[PDB]
Structures are given as structure tokens and as C-alpha cells.
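Reviewing the structure listed below.
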Amino acid sequence: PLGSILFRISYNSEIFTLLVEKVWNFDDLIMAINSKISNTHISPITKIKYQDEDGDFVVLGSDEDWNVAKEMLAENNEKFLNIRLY
């Protein structure tokens, strides 16, 4: 049952979880992480690399990449997600 998705912000040596709805386009999305990571409010990120079913990381900076992945979650049977922050 689809509803919400979780994001596992994976940094260099930092790890955080952010609950991102399935209605938060790439905009609100980028703003969602940019909000949580806002903690530093020194220099956020504009590029997020999310994992795919194949298990290969892929860039994500649009809805076509934020959705194309979502539709995959169902195929991955994962209500969560993994993002890369470098």
C-alpha cells in the first residue's frame, strides 16, 4: 500500500532520515532535504543521487527522476529511499 516514502540522506560520514510525501515534487523534495540539512544553513545541496532498483545510483533533480523512481519503489517493494550527499 503506497502512502509515503522515507529518505535516508547518506553523507560523507553523516546519516539522516527524512519523510518525503509522494506529493512533494522535485521542488518541494529538494526543499525538503534542503530544509532538514538546513541545520547547517551554510551550504545546502542542489543535487541528490538516489539509488535505483538495479541497485545503481542515479542523479535526481527533477520530477521525472523523482517519480520514475517512485514508481520503482513499488517494484522494489521498499517504502524507503536512499539519497547520496557529497
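In the C-alpha cells, chains take letters A, B, ... by order of appearance, with residues numbered from 1 within each chain and ligands from 1 in the order shown.
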Next on the checklist: Can you tell me which residues surround region 49-61 of chain A at a distance of at most 6 Å, considering only C-alpha atoms, apart from same-chain residues fewer than 4 positions away, and format the answer as JSON, numbers by chain?
Outcome noted: {"A": [65, 76, 82, 83, 84]}
Item to check | Spatial neighbours of region 66-68 of chain A, 10 Å, only C-alpha atoms, chain gap at least 2 places, as a list in words | outcome: residues 22, 23, 24, 25, 26, 27, 29, 30, 50, 52, 59, 60, 61, 62, 63, 64, 70, 71, 72 and 73 of chain A
Could you take the residues named above and write them with N, CA, C and O atoms, as a PDB file, in the first residue's frame?
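Writing done, so here's result06.pdb:
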```
ATOM      1  N   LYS A  22       4.589  11.566  -1.218  1.00  0.00           N
ATOM      2  CA  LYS A  22       4.597  11.187  -2.620  1.00  0.00           C
ATOM      3  C   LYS A  22       3.882  12.265  -3.438  1.00  0.00           C
ATOM      4  O   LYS A  22       3.467  12.017  -4.570  1.00  0.00           O
ATOM      5  N   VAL A  23       3.760  13.437  -2.834  1.00  0.00           N
ATOM      6  CA  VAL A  23       3.103  14.553  -3.492  1.00  0.00           C
ATOM      7  C   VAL A  23       4.055  15.751  -3.528  1.00  0.00           C
ATOM      8  O   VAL A  23       3.691  16.822  -4.013  1.00  0.00           O
ATOM      9  N   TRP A  24       5.252  15.530  -3.007  1.00  0.00           N
ATOM     10  CA  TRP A  24       6.258  16.578  -2.973  1.00  0.00           C
ATOM     11  C   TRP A  24       7.132  16.436  -4.221  1.00  0.00           C
ATOM     12  O   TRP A  24       8.091  15.666  -4.227  1.00  0.00           O
ATOM     13  N   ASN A  25       6.768  17.191  -5.248  1.00  0.00           N
ATOM     14  CA  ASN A  25       7.507  17.159  -6.499  1.00  0.00           C
ATOM     15  C   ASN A  25       8.997  17.350  -6.211  1.00  0.00           C
ATOM     16  O   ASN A  25       9.398  17.480  -5.055  1.00  0.00           O
ATOM     17  N   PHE A  26       9.777  17.363  -7.282  1.00  0.00           N
ATOM     18  CA  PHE A  26      11.214  17.537  -7.159  1.00  0.00           C
ATOM     19  C   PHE A  26      11.548  18.843  -6.435  1.00  0.00           C
ATOM     20  O   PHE A  26      12.585  18.947  -5.782  1.00  0.00           O
ATOM     21  N   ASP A  27      10.650  19.807  -6.577  1.00  0.00           N
ATOM     22  CA  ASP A  27      10.838  21.102  -5.944  1.00  0.00           C
ATOM     23  C   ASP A  27      10.778  20.936  -4.424  1.00  0.00           C
ATOM     24  O   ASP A  27      11.802  21.020  -3.748  1.00  0.00           O
ATOM     25  N   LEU A  29      10.642  18.509  -2.845  1.00  0.00           N
ATOM     26  CA  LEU A  29      11.557  17.439  -2.484  1.00  0.00           C
ATOM     27  C   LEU A  29      12.923  18.036  -2.140  1.00  0.00           C
ATOM     28  O   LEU A  29      13.398  17.897  -1.015  1.00  0.00           O
ATOM     29  N   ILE A  30      13.515  18.685  -3.131  1.00  0.00           N
ATOM     30  CA  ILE A  30      14.817  19.304  -2.948  1.00  0.00           C
ATOM     31  C   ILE A  30      14.761  20.255  -1.751  1.00  0.00           C
ATOM     32  O   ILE A  30      15.741  20.401  -1.023  1.00  0.00           O
ATOM     33  N   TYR A  50      19.932   9.352  -5.869  1.00  0.00           N
ATOM     34  CA  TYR A  50      19.124   8.313  -5.255  1.00  0.00           C
ATOM     35  C   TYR A  50      19.407   6.951  -5.892  1.00  0.00           C
ATOM     36  O   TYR A  50      19.739   6.871  -7.074  1.00  0.00           O
ATOM     37  N   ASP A  52      18.596   3.068  -7.217  1.00  0.00           N
ATOM     38  CA  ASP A  52      17.574   2.511  -8.086  1.00  0.00           C
ATOM     39  C   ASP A  52      17.407   1.021  -7.780  1.00  0.00           C
ATOM     40  O   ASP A  52      18.172   0.455  -7.001  1.00  0.00           O
ATOM     41  N   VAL A  59      21.347  10.119 -10.575  1.00  0.00           N
ATOM     42  CA  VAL A  59      21.128  11.510 -10.220  1.00  0.00           C
ATOM     43  C   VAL A  59      19.625  11.783 -10.142  1.00  0.00           C
ATOM     44  O   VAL A  59      18.837  11.142 -10.836  1.00  0.00           O
ATOM     45  N   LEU A  60      19.272  12.736  -9.292  1.00  0.00           N
ATOM     46  CA  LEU A  60      17.876  13.102  -9.115  1.00  0.00           C
ATOM     47  C   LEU A  60      17.777  14.604  -8.847  1.00  0.00           C
ATOM     48  O   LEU A  60      18.245  15.087  -7.816  1.00  0.00           O
ATOM     49  N   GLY A  61      17.165  15.303  -9.792  1.00  0.00           N
ATOM     50  CA  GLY A  61      16.999  16.741  -9.671  1.00  0.00           C
ATOM     51  C   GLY A  61      15.753  17.215 -10.423  1.00  0.00           C
ATOM     52  O   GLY A  61      15.640  18.391 -10.764  1.00  0.00           O
ATOM     53  N   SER A  62      14.851  16.274 -10.659  1.00  0.00           N
ATOM     54  CA  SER A  62      13.618  16.580 -11.365  1.00  0.00           C
ATOM     55  C   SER A  62      12.505  15.634 -10.909  1.00  0.00           C
ATOM     56  O   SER A  62      12.753  14.698 -10.152  1.00  0.00           O
ATOM     57  N   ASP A  63      11.302  15.914 -11.388  1.00  0.00           N
ATOM     58  CA  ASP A  63      10.150  15.100 -11.038  1.00  0.00           C
ATOM     59  C   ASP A  63      10.170  13.813 -11.866  1.00  0.00           C
ATOM     60  O   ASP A  63       9.697  12.772 -11.414  1.00  0.00           O
ATOM     61  N   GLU A  64      10.723  13.927 -13.066  1.00  0.00           N
ATOM     62  CA  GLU A  64      10.812  12.785 -13.960  1.00  0.00           C
ATOM     63  C   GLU A  64      11.814  11.764 -13.419  1.00  0.00           C
ATOM     64  O   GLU A  64      11.858  10.627 -13.885  1.00  0.00           O
ATOM     65  N   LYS A  70       9.947   6.637  -7.881  1.00  0.00           N
ATOM     66  CA  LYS A  70       8.834   6.296  -7.012  1.00  0.00           C
ATOM     67  C   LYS A  70       8.131   5.050  -7.557  1.00  0.00           C
ATOM     68  O   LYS A  70       7.985   4.056  -6.849  1.00  0.00           O
ATOM     69  N   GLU A  71       7.715   5.146  -8.811  1.00  0.00           N
ATOM     70  CA  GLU A  71       7.030   4.039  -9.459  1.00  0.00           C
ATOM     71  C   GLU A  71       7.851   2.755  -9.324  1.00  0.00           C
ATOM     72  O   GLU A  71       7.314   1.656  -9.447  1.00  0.00           O
ATOM     73  N   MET A  72       9.139   2.938  -9.071  1.00  0.00           N
ATOM     74  CA  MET A  72      10.039   1.808  -8.917  1.00  0.00           C
ATOM     75  C   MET A  72       9.950   1.224  -7.505  1.00  0.00           C
ATOM     76  O   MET A  72      10.043   0.012  -7.324  1.00  0.00           O
ATOM     77  N   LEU A  73       9.771   2.116  -6.541  1.00  0.00           N
ATOM     78  CA  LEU A  73       9.670   1.705  -5.152  1.00  0.00           C
ATOM     79  C   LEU A  73       8.698   0.528  -5.042  1.00  0.00           C
ATOM     80  O   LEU A  73       8.990  -0.462  -4.373  1.00  0.00           O
TER      81      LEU A  73
END
```
I'd like the contact shell of residue 19 (chain A) - 10 Å cut-off, only C-alpha atoms, skipping same-chain residues fewer than 4 positions apart - returned as a PDB file with C-alpha atoms, in the first residue's frame.
```
ATOM      1  CA  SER A   4       4.605   7.909   1.975  1.00  0.00           C
ATOM      2  CA  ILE A   5       8.305   7.449   1.323  1.00  0.00           C
ATOM      3  CA  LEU A   6      11.362   7.776   3.531  1.00  0.00           C
ATOM      4  CA  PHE A   7      14.692   9.275   2.535  1.00  0.00           C
ATOM      5  CA  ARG A   8      17.972   8.089   4.006  1.00  0.00           C
ATOM      6  CA  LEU A  29      11.557  17.439  -2.484  1.00  0.00           C
ATOM      7  CA  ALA A  32      12.510  19.012   1.896  1.00  0.00           C
ATOM      8  CA  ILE A  33      16.091  17.812   2.162  1.00  0.00           C
ATOM      9  CA  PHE A  80      12.017   3.862   1.893  1.00  0.00           C
ATOM     10  CA  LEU A  81      14.680   5.501  -0.239  1.00  0.00           C
TER      11      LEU A  81
END
```
Residue 11 (chain A) surroundings by only C-alpha atoms, 8 Å radius, close-in-sequence under 4 positions cut, as a PDB file with N, CA and C atoms, in the first residue's frame:
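Output contents, as saved in out-v1.pdb:
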```pdb
ATOM      1  N   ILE A  15      24.376  10.491   8.537  1.00  0.00           N
ATOM      2  CA  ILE A  15      23.197   9.756   8.111  1.00  0.00           C
ATOM      3  C   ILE A  15      21.959  10.353   8.784  1.00  0.00           C
ATOM      4  N   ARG A  84      22.172  10.201  -1.808  1.00  0.00           N
ATOM      5  CA  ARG A  84      23.592  10.436  -1.605  1.00  0.00           C
ATOM      6  C   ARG A  84      23.876  11.938  -1.535  1.00  0.00           C
ATOM      7  N   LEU A  85      24.675  12.311  -0.547  1.00  0.00           N
ATOM      8  CA  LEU A  85      25.031  13.708  -0.359  1.00  0.00           C
ATOM      9  C   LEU A  85      26.554  13.836  -0.289  1.00  0.00           C
ATOM     10  N   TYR A  86      27.118  14.385  -1.355  1.00  0.00           N
ATOM     11  CA  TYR A  86      28.558  14.570  -1.428  1.00  0.00           C
ATOM     12  C   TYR A  86      28.908  16.015  -1.788  1.00  0.00           C
TER      13      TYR A  86
END
```
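The spacing separating CA of residue 1 (chain A) from CA of residue 77 (chain A) amounts to 9.7 Å.
Atom pair CA of residue 79 (chain A) / CA of residue 31 (chain A): separated by 20.3 Å.
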Next on the checklist: If DSSP is run on the backbone, what residues of chain A are helix (DSSP H, G or I)? A reply as a ChimeraX atom specification would be ideal.
Outcome noted: /A:26-39,63-76
Generate the output file for the selected residues, N, CA and C atoms, as a short mmCIF file (atom, residue, chain, number, x, y, z; two decimals), in the first residue's frame.
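After the write, part-v8.cif holds the following:
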```cif
data_model
loop_
_atom_site.label_atom_id
_atom_site.label_comp_id
_atom_site.auth_asym_id
_atom_site.auth_seq_id
_atom_site.Cartn_x
_atom_site.Cartn_y
_atom_site.Cartn_z
N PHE A 26 9.78 17.36 -7.28
CA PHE A 26 11.21 17.54 -7.16
C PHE A 26 11.55 18.84 -6.44
N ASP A 27 10.65 19.81 -6.58
CA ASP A 27 10.84 21.10 -5.94
C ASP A 27 10.78 20.94 -4.42
N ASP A 28 9.57 20.70 -3.93
CA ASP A 28 9.36 20.52 -2.51
C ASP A 28 10.34 19.47 -1.98
N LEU A 29 10.64 18.51 -2.84
CA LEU A 29 11.56 17.44 -2.48
C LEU A 29 12.92 18.04 -2.14
N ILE A 30 13.52 18.69 -3.13
CA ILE A 30 14.82 19.30 -2.95
C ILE A 30 14.76 20.25 -1.75
N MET A 31 13.60 20.88 -1.58
CA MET A 31 13.41 21.81 -0.49
C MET A 31 13.21 21.07 0.84
N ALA A 32 12.74 19.84 0.72
CA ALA A 32 12.51 19.01 1.90
C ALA A 32 13.85 18.65 2.54
N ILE A 33 14.77 18.19 1.69
CA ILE A 33 16.09 17.81 2.16
C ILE A 33 16.89 19.07 2.50
N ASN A 34 16.71 20.09 1.68
CA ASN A 34 17.40 21.35 1.88
C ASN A 34 16.91 22.00 3.18
N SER A 35 15.78 21.50 3.66
CA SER A 35 15.20 22.01 4.89
C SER A 35 15.80 21.30 6.10
N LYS A 36 15.86 19.98 6.00
CA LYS A 36 16.41 19.17 7.08
C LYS A 36 17.90 19.47 7.22
N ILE A 37 18.58 19.48 6.08
CA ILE A 37 20.01 19.75 6.07
C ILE A 37 20.24 21.24 6.35
N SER A 38 19.15 21.99 6.34
CA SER A 38 19.23 23.42 6.59
C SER A 38 19.88 23.68 7.95
N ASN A 39 19.92 22.63 8.76
CA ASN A 39 20.51 22.74 10.08
C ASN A 39 21.79 23.58 10.00
N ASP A 63 11.30 15.91 -11.39
CA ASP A 63 10.15 15.10 -11.04
C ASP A 63 10.17 13.81 -11.87
N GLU A 64 10.72 13.93 -13.07
CA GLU A 64 10.81 12.79 -13.96
C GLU A 64 11.81 11.76 -13.42
N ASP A 65 12.59 12.21 -12.44
CA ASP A 65 13.59 11.34 -11.84
C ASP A 65 13.18 11.04 -10.39
N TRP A 66 12.25 11.83 -9.89
CA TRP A 66 11.77 11.66 -8.53
C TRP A 66 10.54 10.75 -8.58
N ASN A 67 9.90 10.73 -9.74
CA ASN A 67 8.72 9.91 -9.94
C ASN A 67 9.13 8.57 -10.55
N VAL A 68 9.91 8.66 -11.61
CA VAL A 68 10.38 7.46 -12.30
C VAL A 68 10.97 6.49 -11.28
N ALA A 69 11.40 7.05 -10.16
CA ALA A 69 11.99 6.25 -9.10
C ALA A 69 10.88 5.75 -8.17
N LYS A 70 9.95 6.64 -7.88
CA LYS A 70 8.83 6.30 -7.01
C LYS A 70 8.13 5.05 -7.56
N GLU A 71 7.71 5.15 -8.81
CA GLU A 71 7.03 4.04 -9.46
C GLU A 71 7.85 2.75 -9.32
N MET A 72 9.14 2.94 -9.07
CA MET A 72 10.04 1.81 -8.92
C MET A 72 9.95 1.22 -7.50
N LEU A 73 9.77 2.12 -6.54
CA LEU A 73 9.67 1.71 -5.15
C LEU A 73 8.70 0.53 -5.04
N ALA A 74 7.56 0.67 -5.71
CA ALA A 74 6.55 -0.36 -5.70
C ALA A 74 7.14 -1.66 -6.26
N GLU A 75 8.01 -1.49 -7.24
CA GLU A 75 8.66 -2.63 -7.87
C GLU A 75 9.80 -3.15 -6.99
N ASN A 76 10.30 -2.27 -6.15
CA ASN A 76 11.39 -2.62 -5.25
C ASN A 76 10.81 -3.11 -3.92
#
```
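As for CA of residue 44 (chain A) and CA of residue 3 (chain A), they are spaced 27.3 Å apart.
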Checklist entry - DSSP on the backbone: what in chain A comes out strand (DSSP E or B), as a ChimeraX atom specification? => result /A:4-10,15-21,48-51,57-60,80-84
Residue selection dump (C-alpha atoms) as a PDB file, in the first residue's frame:
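again19.pdb, freshly written:
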```pdb
ATOM      1  CA  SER A   4       4.605   7.909   1.975  1.00  0.00           C
ATOM      2  CA  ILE A   5       8.305   7.449   1.323  1.00  0.00           C
ATOM      3  CA  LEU A   6      11.362   7.776   3.531  1.00  0.00           C
ATOM      4  CA  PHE A   7      14.692   9.275   2.535  1.00  0.00           C
ATOM      5  CA  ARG A   8      17.972   8.089   4.006  1.00  0.00           C
ATOM      6  CA  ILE A   9      20.278  11.047   3.491  1.00  0.00           C
ATOM      7  CA  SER A  10      23.686   9.433   3.169  1.00  0.00           C
ATOM      8  CA  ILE A  15      23.197   9.756   8.111  1.00  0.00           C
ATOM      9  CA  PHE A  16      19.700  11.159   8.472  1.00  0.00           C
ATOM     10  CA  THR A  17      16.124  10.180   7.711  1.00  0.00           C
ATOM     11  CA  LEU A  18      13.540  12.464   6.152  1.00  0.00           C
ATOM     12  CA  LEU A  19       9.923  11.603   5.444  1.00  0.00           C
ATOM     13  CA  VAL A  20       9.033  12.861   1.987  1.00  0.00           C
ATOM     14  CA  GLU A  21       5.451  12.564   0.801  1.00  0.00           C
ATOM     15  CA  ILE A  48      20.805  14.334  -4.890  1.00  0.00           C
ATOM     16  CA  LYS A  49      21.792  10.873  -6.061  1.00  0.00           C
ATOM     17  CA  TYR A  50      19.124   8.313  -5.255  1.00  0.00           C
ATOM     18  CA  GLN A  51      19.501   4.558  -5.552  1.00  0.00           C
ATOM     19  CA  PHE A  57      22.906   5.188  -8.009  1.00  0.00           C
ATOM     20  CA  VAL A  58      21.256   7.728 -10.280  1.00  0.00           C
ATOM     21  CA  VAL A  59      21.128  11.510 -10.220  1.00  0.00           C
ATOM     22  CA  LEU A  60      17.876  13.102  -9.115  1.00  0.00           C
ATOM     23  CA  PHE A  80      12.017   3.862   1.893  1.00  0.00           C
ATOM     24  CA  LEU A  81      14.680   5.501  -0.239  1.00  0.00           C
ATOM     25  CA  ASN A  82      18.398   6.208  -0.205  1.00  0.00           C
ATOM     26  CA  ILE A  83      19.942   9.517  -1.200  1.00  0.00           C
ATOM     27  CA  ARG A  84      23.592  10.436  -1.605  1.00  0.00           C
TER      28      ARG A  84
END
```
